[PDB]
């Protein structure tokens, strides 16, 4: 009876792999970026990186390589899932759309191998003879490459070399030959083998086995003109080819291990290298063209180019530009320049890509303060460590406000020698109209003086021929920019009112009852051109430039999207979309390389269409925004700008990949709006509602607005303290032993350039190498508005902070920052000494209140019921805040890393392996072990849904829920709890916490962050929702196409090295929200028995507004 | 001025000159 639900709140942003090649067409420079379950394809264009198609697989991309075999049109992509799903792909844009055909596929797991240190390796032959795998120790797998092997078949060779580091296929050999670095006793070596796919055996390799560096970590396939292999160790870079052998050992390298490499030239004369310190080297193979026209290679030279961010992938694109794929921090784009312009860095940043990095910890705050919170995470490691403030939805920041009561229109107006800055704002009430005169921000209105007084203005703009028009319920009126007086007016033939109004720079389309009149703006005159009465009564008009071929309309009778020319009123189309309530707003504008038609029903729904303008032919989809007539309007932030959707749920339609973005606005309700670039509020927007008249600015192009706070060090834990109006963050930096026997700063990080910056000097202990890297932990008092390191309190040497708490204890009025540490000596791996320290941020100082000496590692701790629950090594103590402010102490026996508290005296502890359930009783101060879990799990996170639902996540990228068993005898069968939920996420969860990003039928909300920068939400479903969506899952696998032909069943299965179970009690909207992206024949194959399309399309539309 | 930065690969020149 545990029915949960997981959605992606943010795609994984870390970059794990990136390759270059010709994938779309021939000479189509593609950049293929691997995130986790996502695959991104780009085309190098003048613009920069422009994508073609972002696909999504049911697996964790572990091997990604490109190649086109003998006689192929374009390169064939190859991908291997970490769960051992192989597939060859092919970009095929034969039609106007894009489809990734799956030429081949096949699972290549071995029932009898052990995954090896340094993980999976996927190598491909230089001439596309075979794919080579190194999944398990001592087993090299071969997959021959022909055409009939479409069901990817494979066979294993045996590898006498047991511990293998890195393998590569050598260029220019008589047949497939392999070069690798393997380890055994007596250091590690490099051996050569020949793969013989005719006898399925290993043959003695081209050259002798050499001894190499002890820490050789990478092998580089050197191209044809030179041939050989380059081996990158920690301190010596060596070149091996037969008897030839070169090697250079620059001390410039040892400081950090080289991690990645990328080939620059096709010749291989130049290579790019990357440090964990964030460097970027250029490895050189200098040439020596001899007498006999041949080329040879003479020496190696490595010289530093500068520093990028810490790179896990590396890739030269084109024109001296390199894409830096960062896993610990922001991926970026980099230009390498011959002239080192500034300092010594030949490296210049061009673009950075938001990477939420390894999310170590996070917390939810109401920084905006309605109901919608913002996530503040601890992203990145080392120099790329930052804080990320995920704000959800387009937001504004108001600059002024005026108590108005019920406006019915907003219009900018310019009434002066044109300064290019609007100086007049004109409002309209149900009848009365008041032309606000605002040289500054004034209230007092002077009707700039011909505009109508109490008749309720429908349009008020700046028409061409340097004049100013006003459409109202009396007449259209032209006030001039020559004497500034009423010079022209179009009364009505029957002398009756105007209903609809539509005006641009030089045209005017008005409507009376059923009639449609056309007017053209000329100096001091209003000219009549067209004239027609429609079939039905006019409800809404739109014209869009100062001359429009088309004129869109909405009628009062049949909800007819009708398009008309203007020099006459010839009908060009009508749509079969008849509702029952009137269309209220209509608009047509240009977003990107297209022309869309928009229409707003009175019920709250909106349609969008596409078309050109040489014929009136037009993409029905009932997108629902608010519940009240949504008044549309175009607005102008930059030049390429979008439309504003005034409603009680203000949406904004931006341009995506030349499609639709629908981002809510963090305001309660808006009825009317218009842009404003004023000589007093420049580039502001005027927002009207039923109350105030705000004025402010705008933020973002899509949903999230991610604020960044660079820390330049590693942030570990985070808390929020409202009484101090500031955050609390624990963080560690790296320091290397100097020539003096102490440490040093690598780079000026945040803790070292803090405002206060105190230290410790606490004698609590009484019972030292050189050239090392030591950690130094601090407590950062980040401020919550002007993120800055107010205070940075430093701990003792060899003391690592591991837990952070911001709470009140006992009946003490003060709110404290409680920090629990652990003494780490670089020798014995389970700490024996620790500390729990209680601080207070009084004003500008960080007082040390109390200090309970502790012997053990304080892994985690949480406020419990005014008591300080703490986890020390294998003991779970319950402390208590003494009136003397001493925190006196109360027992279990278990290694708790993670610790949560529902309340009600019930606890959650993890990790001797599995989960436990403990209860406190006002009885003895001691806990009772209610019911634990026995099947083991190497876990990494914990959370509570309710009293009988406990969320787990373990080192294996799976989720699972525990629940107290209800079996026969409560004597023991209750003393256990089973796993009513199993689920494979593919992400490495680090932290669970409660809250929702949206301001908020389905119960619950738990957010989690992951190493790949992915953010997800967990909810709960009644037994009528779970069984609806469960059968909606087991019917969507049949009607959705998998990129690798990987059955969704297999992807979600609980996978470990031991129990491979099916999923239960879990539902992923990432597989169910996609149901809104299919055709109706398919979409109605899932919904037939047990219910139609319009009864799921708009039900799921509620299930996307949970995150 | 770097020696080893003269003449980076150029597959197309109008390929990256907008930014």
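If you go along the chain as it appears here, the first residue is 1 and each next one adds 1.
From the backbone N, Cα and C atoms, a Cβ is placed for every residue, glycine too.
Non-local neighbourhood of residue A:2 (N-acetylserine): A:945, A:948, A:949, A:961, A:963, A:980, A:981, A:1020, A:1065, each in the same chain, at least six residues away, with C-beta under 8 Å from its C-beta. What Swiss-Prot lists as N-acetylserine is A:2, and the listing cites a large-scale study or a structure entry.
Here the Cβ of residue A:1045 (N6-acetyllysine) has 15 other Cβ atoms within 10 Å, regardless of which shown protein chain they belong to. Secondary structure at residue A:1045 (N6-acetyllysine), taken from DSSP and collapsed to helix, strand or coil, is coil. What Swiss-Prot records for A:1045 is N6-acetyllysine.
Residue A:1092 (phosphothreonine) falls within neither a helix nor a strand when secondary structure is assigned with DSSP, and so counts as coil. What Swiss-Prot lists as phosphothreonine is A:1092.
Residues annotated as region 'WD repeat beta-propeller A' in Swiss-Prot: A:13-356.
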Pairwise Cα distance for residue A:1092 (phosphothreonine)/residue A:1045 (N6-acetyllysine) [Å, integer]: 28
Å between C-alpha atoms of residue A:890 and residue A:889, the residues bounding 3 unmodelled positions: 7
Flanking Cα pair residue A:1000 / residue A:1001, between which 7 residues have no modelled coordinates, distance in Å: 12
